[PDB]
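Asks: Pasting the sequence and an experimental structure:
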Amino acid sequence: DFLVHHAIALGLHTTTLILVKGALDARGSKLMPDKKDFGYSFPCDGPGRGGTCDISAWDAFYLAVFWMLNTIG
Amino acid sequence: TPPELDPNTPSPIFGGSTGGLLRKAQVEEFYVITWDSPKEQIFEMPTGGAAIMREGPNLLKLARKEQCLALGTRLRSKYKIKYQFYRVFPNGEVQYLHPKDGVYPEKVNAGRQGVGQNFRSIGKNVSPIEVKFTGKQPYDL
Amino acid sequence: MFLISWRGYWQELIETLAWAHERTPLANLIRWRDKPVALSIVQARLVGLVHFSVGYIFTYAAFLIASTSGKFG
Amino acid sequence: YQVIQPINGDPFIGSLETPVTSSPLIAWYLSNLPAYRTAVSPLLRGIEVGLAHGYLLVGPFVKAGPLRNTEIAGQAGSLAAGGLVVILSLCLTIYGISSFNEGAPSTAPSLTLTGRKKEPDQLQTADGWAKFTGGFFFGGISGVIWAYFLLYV
Amino acid sequence: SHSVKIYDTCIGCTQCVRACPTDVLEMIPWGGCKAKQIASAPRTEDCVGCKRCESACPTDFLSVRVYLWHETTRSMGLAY
Amino acid sequence: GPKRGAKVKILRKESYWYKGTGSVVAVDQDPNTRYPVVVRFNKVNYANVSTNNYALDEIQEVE
Amino acid sequence: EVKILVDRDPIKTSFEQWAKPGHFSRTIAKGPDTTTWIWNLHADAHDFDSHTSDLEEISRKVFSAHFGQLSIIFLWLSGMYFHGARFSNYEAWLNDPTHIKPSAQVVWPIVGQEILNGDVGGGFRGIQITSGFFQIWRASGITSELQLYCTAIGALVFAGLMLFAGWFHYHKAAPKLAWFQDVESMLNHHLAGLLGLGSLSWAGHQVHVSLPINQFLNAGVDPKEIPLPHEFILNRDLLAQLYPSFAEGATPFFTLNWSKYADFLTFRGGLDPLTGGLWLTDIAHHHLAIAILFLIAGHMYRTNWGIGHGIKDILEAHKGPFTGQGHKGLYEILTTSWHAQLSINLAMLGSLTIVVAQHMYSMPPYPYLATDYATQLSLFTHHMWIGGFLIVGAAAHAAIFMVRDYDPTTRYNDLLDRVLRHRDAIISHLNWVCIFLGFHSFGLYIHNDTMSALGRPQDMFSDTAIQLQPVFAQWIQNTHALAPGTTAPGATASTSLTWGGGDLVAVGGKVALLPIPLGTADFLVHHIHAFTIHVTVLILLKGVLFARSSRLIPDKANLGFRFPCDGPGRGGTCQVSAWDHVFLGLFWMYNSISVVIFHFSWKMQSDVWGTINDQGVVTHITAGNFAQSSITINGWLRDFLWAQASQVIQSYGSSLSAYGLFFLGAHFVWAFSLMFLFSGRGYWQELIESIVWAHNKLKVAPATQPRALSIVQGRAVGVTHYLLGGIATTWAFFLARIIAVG
Amino acid sequence: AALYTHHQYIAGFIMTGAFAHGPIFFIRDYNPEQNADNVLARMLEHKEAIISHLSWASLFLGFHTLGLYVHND
Ligand code: CLA
Ligand code: CLA
Ligand code: CLA
Ligand code: CLA
Ligand code: CLA
Ligand SMILES: CC1=C(/C=C/C(C)=C/C=C/C(C)=C/C=C/C=C(C)/C=C/C=C(C)/C=C/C2=C(C)CCCC2(C)C)C(C)(C)CCC1
Ligand SMILES: CC1=C(/C=C/C(C)=C/C=C/C(C)=C/C=C/C=C(C)/C=C/C=C(C)/C=C/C2=C(C)CCCC2(C)C)C(C)(C)CCC1
Ligand SMILES: CC1=C(C/C=C(\C)CCC[C@H](C)CCC[C@H](C)CCCC(C)C)C(=O)c2ccccc2C1=O
Ligand code: SF4
Ligand code: SF4
């Protein structure tokens, strides 16, 4: 019970990591300071600046769903 | 300055491929690129395969503008040869496209009026809430 | 599938299929009104996540109900 | 001599001319198919097409269907074939409604290989397609009935 | 079509213009920078939205920005 | 403005080196230049660039 | 004029370049600004094309590299022989091969890992090996550990020689480009000298050492009591006692009385009843004939004398009405581009490894191999995997040629051009045939699952309902079974027991081989194979044919072979590069090979392997359930996976526990790949921004700026961990299963 | 079992959604000036601290839970 409870703790903390990080960087980050000008959901910002796949807040949600499914699993 | 005229000049030597025009050329639009080659020579087709450009005037019809600028870029870069291209509609109308004012867009040229130029740094764009329920975007200001 | 493979591959494939259709007799008589294109990047993420979640839920539901009701504790 | 040449002489149209695409036998064959009878009433074309298709459709339903090993194999299979005929007629119908406006003219080619003008196929019109679909339904059901008759009566 | 904007942090290196695969951008006279020139986007109807221009821009942050907008047959890069 | 070689703090919010420090290389005296203050930084940005132009209100001389 | 061309001391030997990471690249040599640098250093390490434009320097680099590889392999063989001599139960195994498990690895006693040293027999405790070295060593006539030691020393010496050869042929005497380009001579020497003299001299060892010692072993005499191999060469009387032909020496050879040599050069076929392996006499004869064939084959191409063909002539002679100029121009391509060569050779070597797998299962070439089920399963699976990987590589380097070396203005070829001019037709047709195959193979399985679930087994596709018999394969089987009597008179038995007709070969109570029945299930799996292979081909071929350009990206070639995309524009252009096609093709190759090895495992455990009772009663390992179980996905899920995973999942507390650990570990790595495959580097970069902030707060931020992996590397790491995970899972599963129930 | 699993998965999705309409607010609606120096703006201020500490928690829990499990195995 101890072990699996700490697995659950891991799940909650990680899922909230994805979601919170996605929420706070939704307006912008150093990689994309004007992200708010593109909206909640967009493909990316392009291969430039190193590459910007899954950079939107929507994508953060999308990633977080896997961790929720894992946690509830 | 008046744009270039578009006559019926011979097309490059090619056995034909499956990468050429489709119905889009018939119903929507296709494109035409012309160039003047110093000699007969081999060039790679944007639509795949190898063709031979003839000496003198050459006219090639392509399906996309990107194919035209691609081929033209390869011409100017590899074969040191000037090119032009136009857009063509099914009714017969021809629209001169590139180079627009006779000068390559890489180098400055007087006469061109600015389009979509915001006289402010990118960080000074207003938040989306400032444009809520309007038809405007923060970058359209 | 939708999560691992991305758009360009499918777009080009579909291009070859469009050529195929426009060059096949009898079938030539039939034409589309909406041009066939590959799903968008975000759309791909969403559809992939949806298949993933549905599979997740249905699989675990089937296991849960079958294992439990098969013996009823 | 060479075998493969550009389509109709034009090397920049996205196709090729091969023995499969353009040879006397295949050309004659396709040009004599009800779909390519570009100067005849689409109704009759529809009758032929539907007739042939319903006729072939009776086959796989009867032998592969769920009642293949029962005394009621032919009835079931033929009924199913008729059902698919109806569904496909429905498909053809909605295709016609969606693709052609009653006012819009023919979207078929108005030229030949030689380049001379000719009357566009009226198959690619609203009325023409509607006639073709009527023919596919009538001929379809008729073909199913005929095949069933030959097979079990 | 897609939307392409130029901002006054532009230093007129012309890198974006010669990076565009569909001839959308061009250089016009200007006095705001030492190069005496600024970028411009008069042909966004031919813009595909590949963002090579943005990958070519040296400024921090970008002086050229591409906002993918209404989707057309030209912007989808279709040849059919 | 600030002198050449002066340590300045970046005030442009959308900058990679925002709230960080860089060194002044040269200031354009042309009053038409919108961003005269040329700055060079110790670390490169996501575009592998180590230098950028700023305005007078985008730098803060500190030590 | 073919001759030895070499430059003297092209590169000074110094550790100076060792102290400068990334010296080979002007970009990488400058040092790291971000962490990305590091990865790049390893990614472009062996990309000699991006180092230099000079074909000569590249060629030299690849030559010495090859020497390094060969050195490594010799060190590896050295290790295997040494471990076979010092840490094994090989002699004991020789005494009783049928009831002793082959082991040549022992673990040290710490942290409890001592348990891995299990009871393999022979009064020995260790890890059971499945490489098959013991049967090789027995086949070679090795009897003592001393001989294994000597072979180990020899291999170590050869490792030294190969290493020195690398250093020498890079730094001291480096061949000219013309030398590498002498393809007629290279082909001659490789056909006659390598393969020819190789199998000739090997036939020598077989006829003088293998045959007699094995005859003794099979007779039953104690290995230590068996005469040493050199004695059979010194005293011809012994060989004469075993094979009277040697009484007449080499006289019947020169006098063309070859019939006299039918004592040790036979053509019986099938398997030796007291060993379950092919007849060593047949094998010796095989290698002799092969030697002759290759020896005469190595005299085909013209070199320094008038006689011989020219490759370019033969190429330029083949041109038809459909193809125009034909194969003209290909010689120049294949004598200036390493990537084209690598493509061809990878495709063929991979295919070869596959045929090796099949031929080695169906015609066991080593004594006491067929009844070592663990070894057989392992060999088949292993070589299958190697094959698939090499093939995918062939695609990769084909595409790499297509991007970097293809130039129709200087090195034109008609065939390639014509292929490129109708690529849309090729790819579209492959597409269609793939969809058709998928439907008409997997759809049959789903059909069966549905009918079975609905209580309608009479509506399934099976041998007891709607039958789909492999008539053609059955006919080939029958034909090959009746061949010894008709179309191959000199042959006693068939070439393999697996053919439709024949008896049954058993060794030590276990079934070695028997006729393999083919029914509806086999039709099904074979069409699955056709489907998966066709899809893999679709992906890879599409990748190489559109590597240069497409209607979407007309100038894709300028973007290189390996690049993430060309932006979210055009609707989105992710994975347009040929590299990304190699990337997807890898997953599909994994799929295909996985279902292939599952096919092999289940079929063998069900219809072939098992024990044999007196009077001829055969009890198979899974009792012939394949024909009825493998026709639904649920059958594979339950009767194969679920049922057979038993051994791996309860292997804890025993010598097989490492397989349980690896089972779990592999599952873990596999899932771990999904993080990379399903995500994107933007998120990771921003997360890294926050973490970097945290490091700055405590003055511990590194100068080498922490960067998220590139898109491409994310994909590479993804597919690598995916493959490692899945493959290692099936590895642990297979080995635990077959070692426990075998 | 059905009920528990049902409501826990529903709860999971609902949570991810909560955290999804969180940033939609941050993008579409949030007015920085009108929220000057309040708990929300201050929240966006030390975002790196929040995210990095969530990262630490997740990292710790993961390392040690996985570690202990693998140990026991
Ligand atoms: C994809 C592979 C596949 C195949 C070959 C079949 C085949 C069959 N199914 Mg099954 N089925 C499948 C997948 C498949 N199924 C899957 C995946 C499911 C789960 C959804 C099912 C669920 C299912 C149910 C519930 C039932 C069946 C049934 C059947 C049987 C009758 C089907 C029928 O009446 O269609 C009509 C057949 C056709 C219209 C044939 C059209 C194809 C022709 C040959 C094309 C010819 C083209 C030509 C060669 C090209 C050249 C043209 C030129 C010569 C002019 C038939 C044996 C029925 C049965 O009872 O089986 C015993 C039934 O009740 N199936
Ligand atoms: C690929 C071939 C291969 C493989 C996988 C193995 C694997 C093994 N060997 Mg075998 N071995 C081999 C070839 C191989 N060997 C060959 C060719 C010989 C003949 C020389 C031997 C002779 C041998 C003996 C006598 C023994 C083994 C043992 C072992 C086992 C324990 C290894 C160990 O803990 O070493 C000890 C660990 C170390 C030495 C770690 C030091 C690593 C250093 C710090 C790395 C430094 C980096 C640097 C660049 C490398 C040096 C470069 C050099 C040029 C200076 C392990 C299963 C042992 C065993 O099986 O016991 C039952 C054992 O007793 N081996
Ligand atoms: C032993 C003395 C020696 C010294 C001082 C050198 C020095 C040099 N060599 Mg030479 N060379 C040598 C022997 C030596 N070599 C040998 C024995 C070979 C045959 C393999 C070569 C073949 C060779 C080639 C083809 C090339 C060089 C090159 C060079 C130069 C750059 C290489 C470098 O710095 O990376 C040092 C590399 C390493 C430190 C890594 C060693 C990689 C090993 C050998 C691969 C096997 C590792 C194996 C996979 C283990 C992995 C275990 C596990 C972790 C997976 C440098 C002057 C390069 C050059 O001149 O470029 C212009 C070059 O292209 N060498
Ligand atoms: C015939 C042998 C062979 C040779 C000589 C080459 C040579 C090359 N390949 Mg090719 N290739 C091959 C087979 C071969 N390949 C096969 C079988 C495949 C299918 C997988 C490929 C697919 C392929 C791709 C997709 C690419 C290449 C590339 C290259 C070039 C750069 C390689 C490099 O520097 O990476 C350095 C070497 C490494 C980084 C080694 C690490 C690889 C992984 C991480 C190791 C796997 C883990 C291992 C199995 C177990 C790990 C245990 C433990 C450590 C955890 C070089 C010319 C690249 C290129 O750009 O060509 C121009 C490139 O992008 N190859
Ligand atoms: C089972 C597969 C798997 C595993 C193990 C992970 C693990 C992790 N993910 Mg997740 N992820 C996965 C699937 C997985 N993911 C999937 C399918 C998705 C959907 C795309 C995601 C999407 C995702 C997001 C959006 C985020 C994560 C994050 C994390 C990290 C959370 C913090 C933590 O627990 O640190 C503990 C560390 C581990 C559990 C990794 C194991 C480290 C090993 C045990 C140590 C080394 C062992 C050994 C010495 C190595 C030898 C190897 C040899 C070759 C050298 C953790 C590394 C978060 C993160 O990065 O937070 C910082 C995060 O924000 N993941
Ligand atoms: C296993 C192994 C090993 C070993 C190997 C060996 C041991 C080998 C051997 C080899 C050998 C030992 C070889 C030999 C060869 C020989 C030969 C090849 C010969 C030939 C001859 C001939 C061919 C002849 C001819 C003739 C005649 C017939 C008559 C006339 C005259 C003359 C003389 C010309 C090593 C260590 C590496 C490593 C590990 C593995
Ligand atoms: C123990 C106990 C107790 C106590 C209890 C308590 C007090 C609890 C608490 C609890 C809590 C306290 C919980 C909480 C939770 C929270 C959450 C779950 C959150 C979430 C969040 C979110 C979702 C967010 C969102 C957003 C965003 C993101 C943006 C901004 C805006 C908003 C807000 C929308 C008592 C004495 C009674 C009894 C005995 C025992
Ligand atoms: C997890 C993940 C990362 C993060 C993974 C990273 C950054 C790999 C680097 C991790 C290692 C552990 C850092 C290197 C450690 C140094 C070598 C220092 C070693 C310290 C010693 C104690 C060993 C990406 O960068 C990424 C990029 C694109 C698509 C998907 C993903 C993705 O899924
Ligand atoms: S996005 Fe691609 S196309 Fe549109 S402008 Fe920038 S570069 Fe030219
Ligand atoms: S790869 Fe990443 S960046 Fe390039 S397109 Fe696909 S998503 Fe946008």
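Replies: Ah, there it is. Residues are numbered from 1 along each chain as shown, chains lettered A, B, ... in the order given. Ligands and ions are numbered 1, 2, ... in the order given.

Asks: Now do the SS call for the residue of chain H found nearest ligand 9.
Replies: Residue nearest to ligand 9 within chain H (CB to the nearest ligand atom): residue H:27, separated by 23.1 Å. Placement of C-beta: from N, CA and C, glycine included. Following DSSP: H, G, I helix; E, B strand; the rest coil, residue H:27 is assigned to helix.

Asks: Kindly confirm whether my reading is correct that it touches residue A:28.
Replies: No - applying CB atoms under 8 Å as the test, residue H:27 and residue A:28 come out as separate, 9.8 Å apart.

Asks: So between those two, which is more surrounded?
Replies: residue H:27 (25 against 19; other CB atoms under 10 Å in any protein chain shown).

Asks: Which residues are in contact with the more buried one?
Replies: By CB atoms under 8 Å, 6 or more residues apart in numbering or on different chains, residue H:27 lies in contact with A:26-27, A:36, A:39-40, A:57, B:128.

Asks: hmm, 10 Å instead?
Replies: With contacts defined as CB atoms under 10 Å, 6 or more residues apart in numbering or on different chains, residue H:27 is in contact with A:23, A:26-28, A:35-41, A:56-58, B:127-129.

Asks: in the sheet, who's paired with residue E:64?
Replies: Applying DSSP bridges to residue E:64 gives these bridge partners: residue E:6.

Asks: Counting neighbours, what do you get for it?
Replies: Neighbours of residue E:64 (other CB under 10 Å): 28.

Asks: Now do the contacts for residue 23.
Replies: Using chain A. Residues in contact with residue A:23, defined by CB under 10 Å, 6+ apart, are A:57, A:60-61, H:19-27, H:43-44, H:47, H:50-51.

Asks: sorry, should have said chain G
Replies: Listed by CB under 10 Å, 6+ apart, the contact set of residue G:23 reads G:16-17, G:29, G:51.

Asks: What ranges does chain F have for its strands?
Replies: For chain F, the strands defined by DSSP state E cover F:7-10, F:21-27, F:37-40, F:51-54, F:59-61.

Asks: Okay, buried residues for the fourth one please.
Replies: If I follow you right, that is strand F:51-54. Buried residues in strand F:51-54, counting neighbours by 16 or more other CB atoms under 10 Å in any protein chain shown, are found at F:52-54.

Asks: contacts for stretch C:60-70?
Replies: The contact list for stretch C:60-70, computed with CB under 10 Å, 6+ apart, reads A:69, A:72-73, H:1-2, H:4-6, H:9.

Asks: out of the strands of chain F, which comes closest to residue E:9?
Replies: Taking CB to CB, strand F:51-54 is the member of these nearest to residue E:9, at 7.1 Å.

Asks: chain center to that closest one: distance?
Replies: 5 Å (CA atoms, centre = their mean, to the nearest Å).

Asks: next one: stretch G:253-262
Replies: Offset of stretch G:253-262 from its chain centre (CA atoms, centre = their mean): 39 Å.

Asks: which parts of stretch G:508-519 are buried?
Replies: Result for stretch G:508-519 [16+ other CB under 10 Å]: buried residues G:508, G:510-519.

Asks: can you give me the strands for chain B?
Replies: Going by DSSP E, chain B shows strands at B:30-37, B:41-44, B:50-53, B:56-62, B:83-88, B:94-98, B:117-118.

Asks: Serialize the ones you listed to TSV and add fields for distance to chain A.
Replies: As requested, the strands of chain B are exported to TSV (distance: least, CB to the nearest CB, whole Å):
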stretch	distance to chain A
strand B:30-37	26
strand B:41-44	24
strand B:50-53	30
strand B:56-62	26
strand B:83-88	26
strand B:94-98	24
strand B:117-118	12
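
Asks: so which of these comes closest to residue D:129?
Replies: Minimum separation from residue D:129 across those (CB to CB) falls at strand B:30-37, 28.0 Å.
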